[PDB]
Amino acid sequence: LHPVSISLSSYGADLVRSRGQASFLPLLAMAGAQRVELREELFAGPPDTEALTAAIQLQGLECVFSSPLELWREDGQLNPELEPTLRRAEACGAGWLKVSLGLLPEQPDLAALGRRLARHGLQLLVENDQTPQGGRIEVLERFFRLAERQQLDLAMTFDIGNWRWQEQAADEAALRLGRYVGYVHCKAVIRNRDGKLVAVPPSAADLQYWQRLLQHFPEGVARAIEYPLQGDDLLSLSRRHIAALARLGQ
């Protein structure tokens, strides 16, 4: 089996806020997950980070801290909230911080980025988002090429569904960006009756298609569920969805 993560936003923001994120960690371990993705927008709440760290450690889970933070500001400077967010993430027991790109300047100071990352013990993940600045193949390809040149402790999170918001083809993205991918965010996307894009659980067809996309990324890369998980028995549901994802490969 390949390593599987669950983004707790999958369970619904209201439910997660009400029950607290730490309460989902035993559920994830019991369902067979290897990693949890925490969500900054989902603490009620100023968290007991100590209690949260102890919970992750007890379950033997890896932990990704996901933030809506955009790395680069309109003005061309690294987001001053980067270090405060890294501290937050580390305090919660995360091994990775996941962010969006923001607006990549013509001249990014990746040396500066490195120095800030070096003050903390987290690998940085940068995810394609739904915006023009952070969600399009061309600028992301530029960022990852450069980042690799200066050898940053950073990797791409390839979000399968987000490309849809920028009318970018996931297959083309995978072909061009797949060598940089360290984490896959899985969701299916449909256009609803009013023409609006909405994230949904995968069909059997989507899953087979995702297996083909995964051929473009290093074998065994961690894959995350970030789509609705709703049902009366969340443990059994999560287990069945983890198994389906873990099984994707050659």
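Numbering starts at 1 and follows the sequence shown.
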- prompt: According to the deposited model, is the average Cα temperature factor higher in 13-21 or in 236-244?
  reply: 13-21
- line: Of 206-214 and 59-67, the stretch with the higher mean C-alpha B-factor in the deposited entry is 59-67
task: Please work out which residue in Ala170, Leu117, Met156, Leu104 has the highest C-alpha B-factor recorded for this crystal structure.
output: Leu104
task: Select one of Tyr180, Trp165, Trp72, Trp96: the residue whose C-alpha shows the highest B-factor in the crystal structure entry.
output: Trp72
query: Of the three thirds of its chain by CA temperature factor, lowest, middle or highest, which one includes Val126?
result: lowest
- request: Report the third (lowest, middle or highest) to which the CA temperature factor of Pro132 belongs, ranking only the modelled residues of the same chain.
  value: middle
task: Just say lowest, middle or highest third for the CA B-factor of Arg39 relative to the other modelled residues in its chain.
output: highest
task: State the tercile, meaning the lowest, middle or highest third, of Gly161 with respect to the CA B-factors recorded for its chain.
output: lowest
Third assignment of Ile6 from its chain's C-alpha B-factors: lowest
